[PDB]
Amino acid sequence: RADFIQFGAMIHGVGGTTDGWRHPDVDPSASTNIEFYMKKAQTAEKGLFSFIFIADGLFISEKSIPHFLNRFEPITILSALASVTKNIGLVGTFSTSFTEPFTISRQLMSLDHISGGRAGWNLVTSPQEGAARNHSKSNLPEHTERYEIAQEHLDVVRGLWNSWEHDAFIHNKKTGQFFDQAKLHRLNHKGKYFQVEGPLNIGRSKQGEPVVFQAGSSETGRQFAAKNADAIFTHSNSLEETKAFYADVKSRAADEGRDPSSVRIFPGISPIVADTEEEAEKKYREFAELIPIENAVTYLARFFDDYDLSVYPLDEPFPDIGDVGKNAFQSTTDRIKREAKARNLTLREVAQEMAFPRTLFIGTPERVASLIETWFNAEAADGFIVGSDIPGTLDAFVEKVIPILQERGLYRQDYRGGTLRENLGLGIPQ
């Protein structure tokens, strides 16, 4: 592999779980704490990370996780972070389902100008049915139609980004010609879902226009990402699954007539790094133990529930519960029984691990760096998006894993440049 691996940092307030915020080290106000976001962003920039990433959603209930209840909105926090960072990308989730493309186009391009060409857009078709009812709609469109809407939305956004050629603004004080009128282009778009005349009232950025990220995993979504995205998010459930996703999406991109190397695949990992195997495992256990055990056992009960687990002593080995009642959830139950027997887990531990599974990327910096290199060399990844809910795991990753990857020649010593496109290794499409 002639290329270097890249990382993004997902900054996610008090985190992705129901009860992680209860750890002594967590600031339960993190999700609306500007200092927290700034510190995390600057830590990722110290690690030469290609970008930070702000995930988003548009509907909550009393049962939504704490981070989702009360948090920053993405374009605003990214713009605030632009002023206190230098080279790191600024990638935010925005939905195609509700907001007009002119608005999204303008806000992303303005962020691109504020930041000197670091903006990115994680394009999502909102999957949250209730979000429709926050935006004056009775219901969401069906899955397939959501991706039709998204294609038109994206086409308009990119069309509007190209309203002005890169050299349109000649600013000639002597002649009074502020712009070259031949370099201005109206979109004049009249489609099924959007009608947008243009032109956009902001020109090209220092990277041309923002970078597009996408996370589709269905048949439709994978094809949409391969057709449209500069970078693609995916999961890291197993090396084998992630390798297959990578190859499939790269093949789709070729089918769409693109160079597959122009499509950068980033699986998400949440590594737990510590100086010893035992210290990392301790940190995992500290977090896994936070879940109210009754809630975890009840959720565990799902995969069995031919039994009442509240009979069994929590601190005795997981019972030999087992009845093939169809394959109702038997692919999982078999997995659960295996791991419980393999590591002699108690009922309590099984419940805790099901509520908060143990990452593969746990242990010493050398181990975690080696696994990352293995996934990279196996073409499971062009980089990773790194979650850091557990306090200190971003710091530990930057301080201890990055230098190993640098020493091994898999990671740069310095930022490639000042724009997101340059640091991802992409060109500017003007």
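A residue's number is simply how far along the shown sequence it sits, counting from 1.
Open item on the list: Please determine whether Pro317 lacks coordinates in at least a third of the other PDB entries of this protein that model its flanking residues.
Closed with: Across the other compared entries, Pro317 is absent from at least a third.
TODO: Decide, for the other PDB entries of this protein that were compared, whether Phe72 is missing from at least a third of their models.
DONE: No; none of the other entries leave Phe72 out.
- [ ] Report the stretch with the higher mean CA temperature factor, choosing between 341-349 and 75-83 on the basis of the entry.
- [x] The stretch with the larger mean CA B-factor is 341-349.
Task: Higher-scoring stretch by recorded Cα B factor average, 228-236 or 287-295 - done: The stretch with the larger average C-alpha B-factor is 287-295.
Task: Member of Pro260, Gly120, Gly116, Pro199 with the greatest C-alpha B factor (per the PDB record) - done: Highest CA B-factor of the listed options: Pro260.
TODO: Please work out which residue in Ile88, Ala301, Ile269, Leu108 has the highest C-alpha B-factor recorded for this crystal structure.
DONE: The C-alpha B-factor peaks, among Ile88, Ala301, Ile269, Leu108, at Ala301.
Task: Third assignment of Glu35 from its chain's C-alpha B-factors - done: It belongs to the middle third of the chain when residues are ordered by C-alpha B-factor.
TODO: Looking at the entry's B-factor column for C-alpha atoms only, identify whether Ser64 ranks in the lowest, middle or highest third of its chain.
DONE: It falls in the bottom third of the chain.
- [ ] Tell me, lowest, middle or highest third: where does the Cα B factor of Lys174 rank within its chain?
- [x] CA B-factor rank for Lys174: highest third.
- [ ] State the tercile, meaning the lowest, middle or highest third, of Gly203 with respect to the CA B-factors recorded for its chain.
- [x] It falls in the bottom third of the chain.
Task: Chain-relative CA temperature factor third for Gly57 - done: According to the entry, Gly57 has a C-alpha B-factor in the chain's middle third.
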